[PDB]
Every structure is written in C-alpha cells, then in structure tokens.
RNA sequence: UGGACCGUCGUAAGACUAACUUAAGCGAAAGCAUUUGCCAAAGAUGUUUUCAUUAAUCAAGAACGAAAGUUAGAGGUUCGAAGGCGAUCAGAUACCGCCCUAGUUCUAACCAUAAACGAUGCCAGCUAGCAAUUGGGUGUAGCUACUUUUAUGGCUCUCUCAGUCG
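Chains as they are written, first to last, in the authors' numbering: chain CA, 52 to 203; chain Ac, 4 to 65; chain AO, 18 to 151; chain Aa, 2 to 108; chain Cp, 2 to 92; chain Ab, 1 to 84; chain AB, 17 to 236.
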C-alpha cells in the first residue's frame with residue numbers, strides 16, 4: 052500500500068549459513084506462486100528469472116535493471132513498463148539500453164535484472180472518477196495536497 | 004577553334020524565323036567526326052566551311 | 018619480366034552525375050573516400066537555367082580531364098546516378114554529352130556502369146495523386 | 002457515350018487493383034489503365050559511340066544499355082504524342098502495326 | 002428485462018462524471034472481478050485482490066498478472082517473445 | 001452436319017471422347033482391373049480411380065500409385081481391362 | 017581554420033593496393049591518402065576504406081564479358097603503403113542484372129544466411145529464371161507456385177553444402193568459375209527447365225577477427 | 001564557409017514490399033503481392049462413395065464493406081487538406097515551389113456509406129463459331145531431360161469438363 056505494483060515474496064537457502072533468508076522482489080509477469088526462480092550468470096533465461104546482461108542477447112525485455120553492479124536494481128521497475136536492451140557490445144563490456152523514457156543511454160553489462168515485463172499496468176486508463184478514491188490514492192503514498200493552485 | 008568542316012549530307016530545318024540548315028558535315032584533320040551541324044544561310048553540297056565551336060550540334064531527332 | 022609501366026597507372030572513379038537542372042562531376046578515390054576535382058557545371062554559367070545545358074556540361078568536362086594529369090592519373094572508371102527514387106530514374110540530356118569531352122581528350126577509360134538508385138519499393142513522391150498540373 | 006468496349010484495361014474478376022504513379026505527371030492511377038512504354042535506351046545516344054571506341058581501355062568494352070520500365074498516364078501520352086486518336090473503328094486492334102524499321106529511341 | 006439499456010455495471014455511478022467517462026470504466030470493469038478459467042486449477046474461480054494480483058479461491062494458486070484483465074495481451078506476447086528467443090542463445 | 005438427322009446412332013469413337021456423363025446413356029470410363037504386382041504372384045481386383053491405398057494380405061509390393069486420377073503405375077503392374 | 021596556401025593534395029600521397037594471393041598479381045592501382053601527423057595517423061584511416069575490383073582485373077579478361085562479377089573489398093591493414101585489402105563481397109552489376117528480365121517468365125528468388133567453417137556469416141541471394149522449352153508458341157513458360165517453392169527448397173540445401181565448403185582461401189575459387197552455378201541445373205531440370213541463374217551478391221556481415229597468421233598466408 | 005550538395009562506409013529509423021505484373025489467378029464483395037513455418041477454410045476436376053428433395057430466390061433481419069472520418073493508447077519516415085511565405089495574375093485565398101500541421105502506420109473498437117461500375121441482381125435450358133489461357137482429368141499410336149534407354153519431370157499434340165478473356 053503505497054505502490055500500485057505488486058511485490059514478490061521469495062526465500063533462499065544460504066550457501067554459507069544454515070537458515071532460510073527471506074527477500075522481496077518486484078513482481079515479474081506471470082509469477083504464479085510456487086514458481087522456481089533462478090539467480091545466476093549460468094541461470095538460463097526464463098521469465099521471471101534474474102540474470103546478468105552478458106548472457107542474454109538483444110531483443111529481450113527485462114525489469115528491475117541495475118545500473119551500478121552491486122547496487123541491486125534501481126531502474127525501471129514500476130507498473131506497466133518494461134526495461135529493454137537493444138544493444139550488445141563486446142568492446143569493454145558495454146550494452147546500451149532504452150529506459151521507459153525513450154531516451155536511450157548506456158549502462159555497464161555485468162549488472163543484473165529480472166527478465167520480463169513487470170506487473171501492474173495500466174493504472175492511468177481507469178479514471179478514478181471521484182474525490183473519495185483519490186483521497187485514498189494519497190492516503191498512503193505521500194501527503195501532497197489535493198493540490199491548490201497559484202492564482203488564488 | 005581553328006578546324007574547318009566540309010559538308011556531305013543535308014537535312015531540313017526548324018525554319019520559320021531563323022532557317023538554319025541542320026546539315027551533315029565532317030572535318031579534315033578530324034574527318035572521322037561527321038557531326039551533324041547547323042549552318043544558317045544557303046549552302047551548296049561540296050563546300051568546305053570554317054568552324055570555331057567543334058563540340059556539339061544541339062540534336063533533335065529527325 | 019613482370020614489369021608494370023611507371024607513370025602512376027591508376028583507375029579513378031568519375032561518379033559523373035547528370036540530371037535535368039544540374040550536372041555533377043565528382044571524381045574521387047577508387048576506394049571512394051578522398052575526392053579530387055569536385056568542380057561541376059553549376060560553377061560555369063551564371064544563368065540559373067543553363068546549368069542543364071550540354072555546353073555547360075562540356076565546360077564541366079573541359080577542366081576536369083587535365084587535373085588528373087597534375088598528379089599523374091591517366092585512367093578512370095565511370096559510374097552513373099539518376100538520382101531518382103520516386104524521382105526521374107532516367108538520365109538527363111547532358112549525360113551522354115558529358116563523357117564526350119572526356120572521350121575527346123585522349124583519356125583511356127573503360128568501365129561504364131550506373132549506380133542509379135533503384136529502390137526496393139517506392140516511398141511516396143511529392144504532389145499527391147494529381148501531381149504537377151501544367 | 003460509351004466508346005471503348007471493355008473500357009480501360011484488365012479488370013476481369015478482380016474489382017480495384019494496384020496503383021503506381023506516373024513519372025511525368027504522377028496522377029496516381031491503376032496499373033492497367035495507364036500507358037506502359039518499355040524501352041531499352043542506349044547510353045551514348047549513338048553519337049559518342051565512335052569516340053568511346055578510341056578512348057576504350059579494351060577492345061570497345063562493347064557498350065551496355067539501360068533497362069527501366071517507365072509508366073505514363075493518359076495526358077502524358079497525348080502531351081508527348083505517344084498514342085493518340087484513331088477512328089471509331091480503328092480503336093479495335095492492339096497487336097499491330099510498326100511494319101517499317103527497327104524502332105528508334107533505343108536505338 | 003433488459004434492465005438498463007447501455008451501461009451495465011457502471012449504473013451505480015449514474016448521472017455523473019460525463020458521457021465518455023461513464024463509458025471508459027464500463028470497458029474496464031466488465032473484465033475486472035468477473036471470473037476466469039484458471040490456467041492451473043482448471044475451474045472458473047478468479048476474483049481480484051488489488052491491481053494485478055489475482056488468486057484463486059480453489060487450490061490456492063495465486064498468480065501475478067494484468068491489472069484489469071487476468072493477464073493482458075501485452076503480457077503473453079512477451080511470454081511468447083521470450084519463448085521463441087530462448088532456443089536461439091545456447092542453440 | 002450441324003443439322004444432322006441421326007442422333008440415336010452417333011459414331012462410336014467421338015462418344016468415347018465426349019464425357020463420362022454427357023453420353024446417350026450413363027456409363028463412366030472407369031472399370032476394374034486385376035493387378036498382379038511384379039515382385040509377387042497374388043491376384044487382386046481393384047478400381048481404376050481407386051483413390052485408396054491397397055496391398056494384399058501378404059504381398060505388399062506396390063499395387064497402386066497415389067493420385068487424383070487413375071493409378072498410373074510404371075513398370076510395377078500387370079492387369080487387364082476386364083470384368084473378372 | 018587550417019588555411020593551406022597551396023596543394024592539399026600534396027599531403028595526399030600515392031598508396032599502393034595489393035590483392036590477395038590466389039587470384040592474380042596484386043597491383044591494381046593506387047589510393048590517395050593524406051600524409052600523417054602525430055595525432056593524425058594515416059594508417060588507421062585505411063581501415064575505413066572499402067575497395068572495389070572486378071574479376072576481369074583478377075582473371076585477365078581481355079575482352080570484358082565475365083566482368084559482371086564485381087568484387088567488394090575491405091582495406092584492413094597496411095605495410096609500406098601496401099594494403100592487404102581483404103574481400104568484402106561479390107555483387108552483380110546492373111547491366112547483367114536487368115538484361116535478363118524479359119517479362120514472360122517467373123523468376124526464382126531465394127535468400128539464405130549461414131555460418132562458414134570460419135567465423136563468417138554469408139548472405140546468399142539465389143536468383144533463378146525459367147528456360148523456354150523448344151517447339152512452343154506459348155509466350156509464358158510459367159511456374160505454378162510449387163514449381164518455384166520446391167525449387168526454392170532445392171537450392172537452399174545445395175548452398176549449405178558449400179558453406180562448409182573450404183572458405184575464402186578456397187571458396188572464391190569455386191566462385192571464380194561458379195561451379196555452384198553449374199550443378200544446380202542438373203537438380204532443377206528434374207523439376208523445371210532452368211534459364212540463366214546466379215547468386216548476384218554475397219555479403220560479409222560477420223567478419224570475426226583479423227587472424228593475421230593465415231592472413232599473411234593470404235597475403236602470400 | 002571552411003565543409004552543404006556531393007563520394008564513402010556506418011548507425012538507426014519507419015513506411016513500402018517495385019521489378020517479375022499479365023487484357024494472369026484466388027476471394028462472395030470491398031479488397032487481396034517478401035521468405036518460410038504454422039493454424040484453418042473454400043473452388044475445381046477425380047469418384048460403378050453416402051444421402052434420399054435435404055430446392056431456387058428472397059420483406060423483416062443477422063455477419064462483412066478501402067478511405068474520408070471521429071473515441072482514449074501507441075509509435076513517428078516519406079507525404080500531407082488546413083496555416084504561413086515567393087512568384088504568377090487585374091485579383092490567387094489556385095494551378096508551381098519551401099516548410100511543417102491534421103492524418104495514412106499497426107493494436108482496441110466505431111460509424112456502413114462510394115461512380116461499392118462490367119453504370120447490366122441472382123439459379124434452371126437451348127442456340128456459333130474462332131483463338132487464347134487458367135486449373136483438374138485423359139490420350140500420345142509425343143519429343144526432351146538424364147538417375148539410364150527409362151523412371152518421377154518438362155514441353156508439344158489430342159480429348160475433356162468450370163469456363164473467363166478476345
């Protein structure tokens with residue numbers, strides 16, 4: 052509550068300790084519960100796994116893109132959009148990408164992302180239609196005003 | 004611009020206001036160039052003629 | 018034995034271009050990057066109509082032949098451009114006349130081709146379905 | 002005031018078919034009812050042929066010609082004297098005549 | 002009888018908000034909270050929770066999908082797009 | 001003659017090339033033949049335009065060629081134009 | 017700006033071009049390259065040069081008749097103003113192209129891409145034509161959309177025999193005589209009479225690496 | 001002004017799928033052209049298959065109809081009503097140019113009209129040739145092809161139905 056997007060609750064068995072360790076992804080599309088996710092450079096491409104860019108070709112779409120390899124996914128995750136890559140380059144390990152802006156820019160390649168479109172769209176095409184729902188649309192996202200103009 | 008061109012064969016004109024004999028002439032040192040030139044005024048067959056422009060003849064098909 | 022003659026035997030490219038309303042004499046490298054003697058008929062007669070004349074094409078063909086010999090070029094190749102897409106696709110009247118002053122200058126040349134742009138399929142002319150009503 | 006029998010060209014069991022524009026007017030017309038002259042025209046216009054034989058690198062290179070199927074509309078035909086004005090009866094043949102010489106503009 | 006004449010399920014929200022804004026929620030709420038054939042449970046037991054988060058009520062499989070239909074036509078196209086492409090990389 | 005007096009008695013061979021249907025009576029060009037496949041010996045009767053794969057009970061050599069017309073077997077057949 | 021008072025072509029120097037070894041001799045002329053500087057390095061501008069030559073220049077065609085096989089070449093590296101000038105394609109001119117299509121026909125077009133013994137990815141453009149049988153007054157000699165599409169399938173398995181077919185050190189020698197243009201008739205004539213037929217263009221879109229060890233053997 | 005237009009490789013980018021194109025064909029009509037796979041459906045000959053009149057056409061009526069053109073959501077190349085500007089003209093608000101704007105684009109639908117024309121509704125029968133050509137059959141007492149004389153295959157002739165053109 053505060054998103055529009057749905058989350059994804061998932062856990063793992065540690066390569067080092069004895070316990071389970073619970074994490075929270077952003078929902079790839081078609082994620083049934085009980086799906087077997089995979090996270091690795093050797094992990095083959097199937098939605099919605101998480102794999103680095105150097106092992107998928109162009110033409111695929113992804114979500115939860117990471118720019119700086121380690122900072123775990125700060126790009127293009129919100130509802131109804133899709134992280135894309137349309138360029139590979141084996142010179143100094145480069146792969147250009149198109150954000151949902153349309154302005155296409157360059158990222159490094161060793162970083163990770165989750166393959167496929169991300170769930171939630173499209174919550175602009177249903178008009179909220181009254182001043183009670185778009186109260187609650189800003190009940191728990193921020194506290195803007197139901198905003199008040201300038202010229203009075 | 005100093006070559007002289009002798010006539011071999013004659014054809015008609017787009018005459019009315021400037022009758023100019025579209026006419027088949029060849030040179031002497033350049034006698035292999037039988038370029039079909041356009042002389043203004045009456046010309047008998049067998050006349051060598053001077054010339055300065057020795058490039059083209061503004062061809063229209065006839 | 019295997020003795021090729023000195024005097025810098027080379028085959029340049031003409032890239033002779035002609036059209037209605039212009040003729041272009043654009044000689045370059047055989048690879049095609051470096052360009053020598055770009056000058057054409059558009060810098061010959063100041064009339065804004067007579068730059069389609071074969072006379073101006075001849076003056077565009079008078080000058081370009083001798084500057085090949087200033088660097089020792091004695092031979093070249095000849096390409097043709099239309100440059101029609103949905104446009105003309107057929108060479109202008111000054112096209113065939115332009116090679117004559119090249120031919121009547123004792124320049125030994127054999128290669129005659131067109132790179133006249135034949136598209137895969139048309140991409141729309143200008144004028145729109147009732148074009149150019151004279 | 003119907004004069005042609007079938008009409009234009011080639012509309013047997015189809016309806017309405019592919020157009021492409023004319024070159025010298027580009028009144029965009031269907032591919033059947035537009036005059037379609039096809040020409041293999043020569044490069045030097047048969048006059049510089051004696052000049053290129055002297056300037057050839059090889060034995061005359063022997064000269065190619067151009068190939069492009071041009072497409073004319075109706076007033077383009079009549080405003081260049083392509084095909085015009087037979088009788089009320091002399092519009093009833095297609096296949097003849099030339100009868101005299103190997104046709105020019107090729108040449 | 003044919004109870005209303007056009008509007009159907011937005012008839013709660015009547016005489017309000019406009020003409021072609023009463024219609025635009027029709028075309029997006031005759032799909033939402035109708036029942037769907039579950040791809041796993043086989044039956045027709047699909048209602049919503051919030052945006053894009055459907056569950057069944059039978060056999061407890063829950064699947065994330067589209068937000069006004071069960072899964073969009075944008076989505077399975079991608080599920081078809083990564084399908085044909087996956088056999089090209091390692092093979 | 002276009003204004004002919006005899007239609008009851010036409011010439012035979014032109015009727016043989018007229019049609020399978022438009023004759024004075026109705027009988028097709030088709031018949032039955034008794035094919036022996038050349039690698040075997042067994043007797044089998046089959047239609048001309050059989051439109052169906054036939055083999056014997058134990059002699060499945062060729063016996064047919066799949067087509068829309070008559071079963072055109074080249075050098076793999078032996079039969080007769082005869083009611084058996 | 018620069019303001020050179022005389023002869024920009026003075027710095028443009030005569031640089032020779034050298035063929036590969038297997039065709040013929042290597043001197044097919046010169047190129048004009050600007051003289052280098054410390055930051056302006058003229059050797060690395062030769063890599064941006066795409067070069068053109070015909071088989072008449074590389075198989076001593078005195079009367080130009082087989083000159084329709086026009087070869088694209090790529091200048092890749094130099095030594096002592098002598099470029100190695102690797103292959104970059106082999107197209108057809110428009111002269112031999114447009115002369116074939118006398119309307120009255122059904123062409124046989126086929127496009128196929130494949131990977132070689134080496135790391136190249138060629139693009140083969142199989143273009144066929146129908147041969148008129150004798151004693152025939154019918155002015156069509158047409159193919160009936162299975163008489164092409166099976167013939168279209170007939171060439172695509174032929175060409176992949178030659179993509180694993182001893183590449184550019186040996187492959188273009190099979191394209192010099194065009195033995196691939198010979199044997200396809202004997203397969204096509206089992207279905208349909210085949211007229212003139214060519215490949216008309218090849219493409220070199222995945223030249224993988226320089227590989228100078230066999231390439232100095234190619235410059236042998 | 002110094003780098004257009006030009007030559008050249010290269011990156012995208014969206015539209016179009018020319019040539020081959022026909023007095024071709026498929027479709028009920030509008031319309032309908034890259035390959036190849038897929039998923040279908042129809043027509044024609046083939047048929048000593050089955051069925052037993054299941055029929056023809058049709059008010060009311062239900063599917064389908066290029067644009068033009070609207071309703072939100074994409075994506076932007078050529079082009080482009082409208083709008084500005086140069087000429088031309090007596091005037092041009094136009095015929096010609098330059099720029100882009102609606103939009104053509106593909107997805108979701110919505111009107112349903114066109115000279116939507118072969119200015120001729122559909123189904124049964126007869127009456128005339130001649131010549132093309134599409135498919136399917138059939139006869140070569142045909143050649144050609146070499147896998148071999150063959151074989152499948154091509155063309156030619158003969159016959160044939162549906163024709164459609166002339």
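Positions of the beta carbon are idealized from the N, C-alpha and C atoms, including for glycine.
Simplified DSSP assignment, three categories, for residue i
i: residue 123 of chain AB; result: coil
i: residue 75 of chain AO; result: helix
i: residue 27 of chain Cp; result: coil
i: residue 84 of chain Cp; result: helix
i: residue 172 of chain AB; result: helix
i: residue 177 of chain AB; result: helix
i: residue 158 of chain CA; result: strand
i: residue 26 of chain AB; result: helix
i: residue 220 of chain AB; result: coil
Chain AB residues whose Cβ lies nearer than 9 Å to that of residue i
i: residue 131 of chain AO; result: 109, 110 and 111
i: residue 65 of chain Aa; result: 109, 110, 111, 112 and 115
i: residue 62 of chain AO; result: Those do not exist, as residue 62 of chain AO stays about 27 Å from chain AB at its closest Cβ, beyond 9 Å.
Neighbour list for residue i in chain Ac, Cβ cutoff strictly below 9 Å
i: residue 105 of chain Aa; result: 64
Same chain, Cβ closer than 8 Å to residue i, neighbours up to 5 away in sequence not counted
i: residue 195 of chain CA; result: 189
i: residue 78 of chain Aa; result: 36, 84 and 85
i: residue 91 of chain AO; result: 24, 25, 26, 27, 85, 124 and 125
i: residue 196 of chain AB; result: 174, 175, 178, 190 and 215
i: residue 105 of chain AO; result: 36, 37 and 99
i: residue 56 of chain AO; result: 42, 77, 80 and 81
i: residue 5 of chain Aa; result: 92
i: residue 10 of chain Cp; result: 27, 30 and 31
Residue-level contact to chain Aa via CB, residue i, 9 Å cutoff
i: residue 80 of chain AB; result: yes
i: residue 51 of chain Ac; result: no
i: residue 106 of chain AO; result: yes
Contact with chain AB by residue i, beta-carbon distance below 9 Å
i: residue 126 of chain AO; result: no
i: residue 37 of chain AO; result: no
i: residue 26 of chain AO; result: yes
i: residue 73 of chain Aa; result: no
Partners in chain Aa for residue i, counting only beta-carbon separations shorter than 8 Å
i: residue 48 of chain AO; result: Correct list: empty, because the minimum Cβ distance to chain Aa is about 20 Å.
i: residue 35 of chain Ac; result: 51
Cutoff 9 Å: residue i Cβ touching any chain AO Cβ
i: residue 35 of chain Aa; result: no
i: residue 236 of chain AB; result: no
Neighbourhood of residue i by C-beta, 6 Å cutoff - its chain only, sequence neighbours within 5 removed
i: residue 87 of chain AB; result: 69 and 106
i: residue 103 of chain AO; result: 139 and 142
i: residue 63 of chain CA; result: 72
i: residue 10 of chain Ab; result: none
CB contact below 9 Å: residue i versus chain Ac
i: residue 114 of chain AO; result: yes
i: residue 56 of chain Aa; result: no
i: residue 136 of chain AO; result: no
i: residue 48 of chain Aa; result: yes
Cβ of residue i within 9 Å of any chain CA Cβ
i: residue 25 of chain Cp; result: yes
Contacts of residue i in chain AO (Cβ-Cβ under 9 Å)
i: residue 9 of chain Ac; result: Ordered by position in chain AO, no residue passes the 9 Å Cβ test against residue 9 of chain Ac, which lies about 19 Å from the chain.
i: residue 78 of chain Aa; result: Neighbours of residue 78 of chain Aa on chain AO: none; closest Cβ ~14 Å, over 9 Å.
Cutoff 7 Å; reference residue i; Cβ partners in own chain excluding five residues on either side
i: residue 9 of chain Aa; result: 33 and 34
Contact list for residue i against chain AB, beta-carbon separation under 8 Å
i: residue 51 of chain AO; result: 28, 47, 48, 49 and 50
Proximal residues of chain Aa, C-beta to C-beta of residue i below 7 Å
i: residue 114 of chain AB; result: 68
9 Å Cβ cutoff, residue i in contact with chain Cp
i: residue 197 of chain CA; result: no
i: residue 80 of chain CA; result: yes
Inside the region 126 to 169 of chain AB only - beta strand (DSSP E) runs reaching at least 3 residues = 137 to 144
Run through the region 32 to 72 of chain AB for me and flag every whole beta strand (DSSP E) of 3 or more residues, listed as ranges in chain order.
-> 46 to 50 and 66 to 70
Going along the chain, which unbroken runs of the beta strand (DSSP E) with 3 or more residues stay wholly within the region 55 to 125 of chain CA?
-> 58 to 64, 71 to 77, 101 to 103 and 112 to 114
At 3 residues or longer, and completely inside the region 96 to 122 of chain AB: list those beta strand (DSSP E) runs for me, N to C.
-> 102 to 108
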